[PDB]
Amino acid sequence: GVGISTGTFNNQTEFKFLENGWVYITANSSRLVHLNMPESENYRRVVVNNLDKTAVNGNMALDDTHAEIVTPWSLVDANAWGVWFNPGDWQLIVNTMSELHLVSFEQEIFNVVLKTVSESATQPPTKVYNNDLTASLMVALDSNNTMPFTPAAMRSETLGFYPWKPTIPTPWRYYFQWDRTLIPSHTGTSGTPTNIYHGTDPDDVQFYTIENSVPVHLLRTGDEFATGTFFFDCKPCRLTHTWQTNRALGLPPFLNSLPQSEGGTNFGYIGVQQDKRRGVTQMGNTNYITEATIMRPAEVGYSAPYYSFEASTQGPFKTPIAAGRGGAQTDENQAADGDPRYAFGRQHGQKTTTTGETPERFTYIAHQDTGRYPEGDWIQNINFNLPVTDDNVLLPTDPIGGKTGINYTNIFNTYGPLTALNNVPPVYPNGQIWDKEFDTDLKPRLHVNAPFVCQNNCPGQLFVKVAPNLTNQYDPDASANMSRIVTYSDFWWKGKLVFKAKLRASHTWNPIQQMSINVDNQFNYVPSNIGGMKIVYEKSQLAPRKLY
Amino acid sequence: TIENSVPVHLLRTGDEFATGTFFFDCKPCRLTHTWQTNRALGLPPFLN
Amino acid sequence: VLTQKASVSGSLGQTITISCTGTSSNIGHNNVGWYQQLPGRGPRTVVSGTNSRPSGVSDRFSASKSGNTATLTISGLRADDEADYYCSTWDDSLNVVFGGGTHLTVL
Amino acid sequence: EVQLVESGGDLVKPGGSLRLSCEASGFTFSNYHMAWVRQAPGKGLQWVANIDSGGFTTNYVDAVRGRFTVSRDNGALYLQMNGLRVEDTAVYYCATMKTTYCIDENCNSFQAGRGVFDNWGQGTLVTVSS
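Per-chain numbering applies: from 1 upward along each written sequence, possibly unlike the entry's numbering, with residues missing coordinates excluded. Chain labels run from A onward and ligand labels from 1 onward, assigned in the order the entries are written. Here we see only some chains of a larger assembly; the values are for those chains and no others. As a rule here, side-chain values come from all non-hydrogen atoms in the structure, and water together with hydrogens is ignored.

cryo-EM is the method the PDB entry states for this structure, with the resolution given as 3.5 Å.

In the nomenclature of the PDB entry, chain C corresponds to Light-chain of scFv clone 2 from the organism Canis lupus familiaris. As deposited in the PDB, this entry carries the title "CPV2a capsid complexed with scFv2".

The name the PDB entry gives chain B is Capsid protein, with Canine parvovirus 2b as the organism.

So, in structure tokens, the structure goes:
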């Protein structure tokens, strides 16, 4: 019926404490989604080109050239932390939980409303909105994951984080195949390097369509759609950070002489000369046993080529790295490769009363200390004569290939059988929750964007489209675009995301770091006088844990 | 040496030898190729 | 400066050719563009490489490039073709280099 | 249709300064590299300067190098002229430098390039004398 509501708005986070210290967390999110009709009812194949930018020698890092199928449909993506948890709930979770499991996910659409804009021809323009009770909203649910997976948080296009603000969906578009060549150059590179877009190789063409691969439900003003509960199987996400590096693994050396009076200069002394110490070292030609040369069980962290660009059929891409930098915690402005930087708009955290289109930005300096500090590690000759000379060492200050600004660490990879690393920490509120595992026979060990990875499947993507509202002059034989009555839709989206977490237990004398309100961040969690809201980034691994 | 590690059957003109059925446990082999590289993963940019 | 002929002349309906020349190190690797210049007007791009014409340009124009030389052919002269023709390209010294022009004329 | 309109041409004294403008409409002005090209009375086309699509790099000819400057504001082009001399008297045009060239008729494949100007403005006359 038109006058009977088909659902209830619900945005309450529930905690239900189970046996053995586990907590059943239910995050109900509810939004009002506004949807305009598509620009055109037809699928487009658009080749986006920015050769003007890359035509300038040395700008190869600014390539946006690609090919995309632009579709008339719109994607309703809720794969972002902010959509589910308000700052207080996240504070509770990070301060008192230790591990997080993704349990279930369900979503539904109700109170579908379709309206048409009749723009009067009156000399002073005016427009009246009318309820078209017969219009239909097409809802498609890719339950079988037939369509390409296109997470929205990567582009900051998920639903809004404010329950009391209407949100808009994102027009769905998926990459089409293409070939590209961008020979790197630098300021001073003579001529124009080879920069060509070869087009689409026929063997790799895929042209998906929702109308052909997904059943489509037509919802009038009195209808509702529910996706049913989806159950995850993702690995647990740890809410604790590791501080121990190789230098802090195992039994420390025995201090034969200990300080006698408190002070900043009263250090402990091992006493025994370095060459006469007792231990085990992987270096078989030196008797010097040191805190640096001692044998650790394995390697915590791996050095990777940083700011290295790799070319493939589609052009250049930046090599990802799964660890943060060392010493970047001192200042966010001193961040470097590996620290994820998020840019977001007024829907996703930026002060809602800000003027201008400049996105709000922040670099997330993770609390885990498993990264690398390239200025430190060096290489020296096998003879290990000490002190080393210029001919027997390769310091980070040394050039490679004659380039004064590029040193050896830029092309150094220490990933090996002994490498150990942690999963990506959650980022609030702009961070993604789950991601799909790759279809490759051999699959990546971890993803750099989401902490939870679907082993089998992720929930089907939800697509919404205002059904065509034809005028009486329609003619399919006309090459011109279809004439449509201006129409839009407002519908309420309600989702339930269920987590399971473990409550932390104190295991040390000293307290641990905790998220708290303070005089500096006070006014970042309350509205301004003109209704301005914001959601600042919050750290998710404040509690430490021992690695070995 | 085969004579020391494997039993040996002597087959005359009227004899035959069968190895019996062996059952594999290998992982499946995909008969489809992947075209997407890093530049073609995820949601493309919105073309204004 | 690219080399060009000062002028040419021909009868109406004649298919004619004009040439621009320069060092292959600059006119060779880079593309070449041909523009028309009528009195009381700014240069109008007539040929933009790959024998492709801008929209609104008569199909009579054609162009080709070979090493030091670039050739522009007109398939049948018309009274409105009496005008200056200008070749341009990029130069590996990071410059934009034009020719001296050629005043096409009709007998 | 693409529209480029120049302005600012006027009589000026030698050794002074001036600002020429090139307004653009009907196309994505920010997606195209732009160029200033001058022609003296009855002389051939002479390249004045050029600027990329983001202002990262600008290039000049030796004659105006160190004297003039070019800038853009996503809506129009500007040429700042300093140390004007008598020979500078000429008509200036703003043209889009064709940054892409397709290599087939339907042009499914395209390549980067330089040295071809696609669209031109109207042009403006600058006279420097007493």
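Student: Got a minute to help me understand helix α2 (residues 87-96) of chain A in this structure?
Tutor: Side chains of residues three or four places apart in an α-helix project in the same direction, reflecting 3.6 residues per turn. Think of it in three bands: residues with accessible area under 20% of the maximum for their type are buried, residues over 50% are exposed, and the middle band is partly exposed, with areas taken using a 1.4 Å probe on protein chains only. A run of DSSP states H or I qualifies as a helix once it reaches four residues; a run of E qualifies as a strand once it reaches two. Both are numbered from the N-terminal end. Regarding α2 of chain A, the residues found buried are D89, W90, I93, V94 and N95 of chain A. Working rule for contacts: check all heavy atoms of both residues, and any pair within 4.5 Å makes them a contact. Looking at the packing, one finds that the buried side of α2 of chain A touches β1 (13-17), β2 (22-36) and β5 (97-120) of chain A.

Student: Sorry if this is basic, but what is going on with empty space enclosed by the protein here?
Tutor: One way to see where empty space is left: roll a probe the size of a water molecule over the atoms. All names here are of chain A. As defined here, a cavity is a set of points on a 1 Å grid over the protein atoms alone where a 1.4 Å probe fits but cannot get out. A pocket is an open set with protein on both sides within 12 Å along at least five of seven lines, and residues line them when an atom is within 4 Å of a point. Grid points are joined across faces, edges and corners, and a volume is the space filled by probe spheres set on the points. Using the criterion set out here, one finds 6 cavities of 30 Å³ or more in the structure. Elements with a minimum of two residues in the lining of the largest cavity: β4 (66-76) and β5. Basically, the charged four are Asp, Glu, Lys and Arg, the nonpolar ten are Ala, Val, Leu, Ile, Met, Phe, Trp, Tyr, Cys and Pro, and anything else, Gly included, counts as polar. In terms of residue class, the lining of the largest cavity is built from 9 nonpolar, 5 polar and 1 charged. Approximately 100 Å³ is the volume found for the second largest cavity. For the second largest cavity, the lining is made up of 15 residues, of which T54, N57, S185, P193 and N195 are closest to its centre. Within the lining of the second largest cavity, the residues separate by chemical class into 7 nonpolar, 8 polar and no charged.

Student: Would you explain the interface of chain B and chain A in this entry?
Tutor: Buried accessible area, meaning the area lost when the parts come together, often serves as the stated size of an interface. Contacts between the two partners involve 17 residues from chain B, matched on the other side by 35 residues from chain A. By convention, the term buried area covers the 1.4 Å-probe accessible surface removed from two parts as they join, with the contributions of both added. Each partner contributes to the roughly 2300 Å² buried at the junction of chain B and chain A, and carbon and sulfur atoms together form 58% of this total. Its largest share of buried area at the contact with chain A, chain B owes to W35, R39 and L43 of chain B, together 40% of the area lost on that side. Salt bridge, as used here: a side-chain nitrogen of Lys or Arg that lies within 4 Å of a carboxyl oxygen of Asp or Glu. At the boundary of chain B and chain A, one finds 3 salt bridges. We note a salt bridge from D63 of chain A to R39 of chain B, for which the minimum N-O separation is 2.4 Å. Its residues assigned to classes, the side of chain B that touches chain A comprises 9 nonpolar, 6 polar and 2 charged.

Student: Sorry if this is basic, but what is going on with the state of the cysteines here?
Tutor: Simply put, the disulfide is a covalent bond whose two ends are the sulfur atoms of two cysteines. Disulfides are defined in this document as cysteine sulfur pairs within 2.5 Å. Across all of its chains, the model carries 4 disulfides over all chains by this definition. Note that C20 of chain C is cross-linked by a disulfide to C87 of chain C, the S-S spacing being 2.0 Å. Negative torsions about the S-S bond denote left-handed disulfides, and the value of about 60° found for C20 of chain C with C87 of chain C makes this one right-handed. One end of the pair, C20 of chain C, is in strand β3 (residues 16-21); the other, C87 of chain C, is in strand β8 (residues 83-91), and 67 residues separate them in sequence. Exposure class is identical for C20 of chain C and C87 of chain C. Each is buried. The disulfide partner of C102 of chain D is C107 of chain D, and the S-S distance across this bridge is 2.0 Å. Taking the relative accessible area as the measure of exposure, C102 of chain D reaches 25% and is therefore partly exposed. Of the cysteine sulfurs around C26 of chain B, a residue in no disulfide, the closest is that of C29 of chain B, at 10 Å.

Student: Help me understand a nonpolar patch on the surface, please; the structure alone is not making it clear to me.
Tutor: Every patch collects residues that have over 30% relative accessible area and no salt bridge, joining them within 9 Å if they carry like charges and within 5 Å if they are nonpolar side chains (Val, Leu, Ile, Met, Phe, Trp, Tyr). Here the accessible surface of atoms and residues is derived via Shrake-Rupley with a 1.4 Å probe, and residues count as covered only by protein chains that are part of the display. Together, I2, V6, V8 and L10 of chain B make up an exposed nonpolar region whose accessible area comes to about 430 Å². Note on placement: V8 of chain B falls in the segment after α1 (2-5).

Student: Is there a simple way to explain the pairing of strand β18 (residues 315-318) of chain A in this structure?
Tutor: In this description, strands pair whenever DSSP reports at least two bridges between them. The pairing of strand β17 (residues 309-312) of chain A with β18 of chain A spans 4 bridges and is classified as antiparallel. Looking across to β18 of chain A, one finds that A311 of chain A is bridged to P316 of chain A.

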